[PDB]
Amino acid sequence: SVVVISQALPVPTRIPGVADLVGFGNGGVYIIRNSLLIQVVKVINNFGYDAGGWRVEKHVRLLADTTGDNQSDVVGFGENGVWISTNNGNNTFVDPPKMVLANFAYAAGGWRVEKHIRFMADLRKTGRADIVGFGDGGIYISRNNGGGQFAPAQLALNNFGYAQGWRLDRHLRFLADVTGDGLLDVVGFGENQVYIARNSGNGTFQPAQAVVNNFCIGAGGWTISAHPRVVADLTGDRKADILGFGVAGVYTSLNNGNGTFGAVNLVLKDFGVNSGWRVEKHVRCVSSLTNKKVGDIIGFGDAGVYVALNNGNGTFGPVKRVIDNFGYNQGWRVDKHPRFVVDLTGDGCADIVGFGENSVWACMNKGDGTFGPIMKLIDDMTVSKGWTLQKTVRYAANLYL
């Protein structure tokens, strides 16, 4: 499994794909269906700042296939429980949503945005999303048993929890396949080590196992505030490697193939602190922009977008300015204008969309990792129309696969 789930990007998108745009705005849930007709459509009078009292700092809103039909349902970790509005198949969703489990929630379970993490993930290879919470005592799971019926939460592993020292300002946690069986394992960038927890295919993980003594805060000086880190297949074998944007530039540790990891290696003198890159100003990604289907590099910098292509094995060609936009010099701010690298045309090669000041802007990969001219898609889901990071959530996501 190519699927990777991350703090930054808890709603993975498909490659190839024609992703849609989803906004959790004040009055409810809105979608822009990737198609010949580009318009906003309100679909759920809920999951909104004013529509149900939803709060960025108390609740979590995501999209995920909870039924197994490759349609994406709206999922909200609310005040008293978990609320799902399933996809009706026709640009509409069951409304109101159904409370499926009184847990994983602020007033049910004591969940806290600033202490814990909540994802949706197909962890048993059923075609459906199980509920996954990095809680206090460890990782908790609620089995998705089909038909909106979710099993009581059980401990999957007494690690990666708040009790074992995990902290959002110090550490990073991921779901990704590090062994090749297609089952998503825990990759955690802890205090001193980077650990692994192999997925036993049953809502449990085998005990943690350190695999790299680097890429952390007490092991390399990796900070959340300066040195982003991702998990992505860089070699092409559907197993996940490690990649961090450090001081000099990009470092990596390639998967052996069984989920033990190589050695840390400055593979590129750019996208790093020395090369000018700041989390405050700039967004850095890894996604496939070519037919090699491997992690290439994309950074939204000052002048524009910067791309470095992955030869096929972990090594990277020359950095280039693929477009003079989506950058800080064109007014793109991290705290105002979400940007995403995602396939919008269905060719396997990831494109670029940003929710800007007055419009949603797109920019299409030519198919080689070079890019076209910018497109003004629509004048909605923008600052000008009322969308802030403090009161709304926005995703690119595949509603239909």
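All residue numbers refer to positions in the sequence shown, first residue = 1.
Higher mean CA B-factor, judged across 195-203 and 132-140 from the recorded values: 195-203. Comparing 151-159 with 81-89, the higher mean C-alpha B-factor in the PDB entry belongs to 151-159.
Across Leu175, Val74, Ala263, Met120, the entry's maximum B-factor at the CA atom is seen for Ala263. Compared with the other modelled residues of the chain, the Cα B-factor recorded for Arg339 ranks in the lowest third. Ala248 sits in the highest third of its chain by CA B factor, as recorded in the PDB entry. When the modelled residues of the chain are ordered by C-alpha B-factor, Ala397 sits in the lowest third. When the modelled residues of the chain are ordered by their C-alpha B factor, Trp111 lands in the lowest third. Looking at the C-alpha B-factors along this chain, the one for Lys366 belongs to the middle third.
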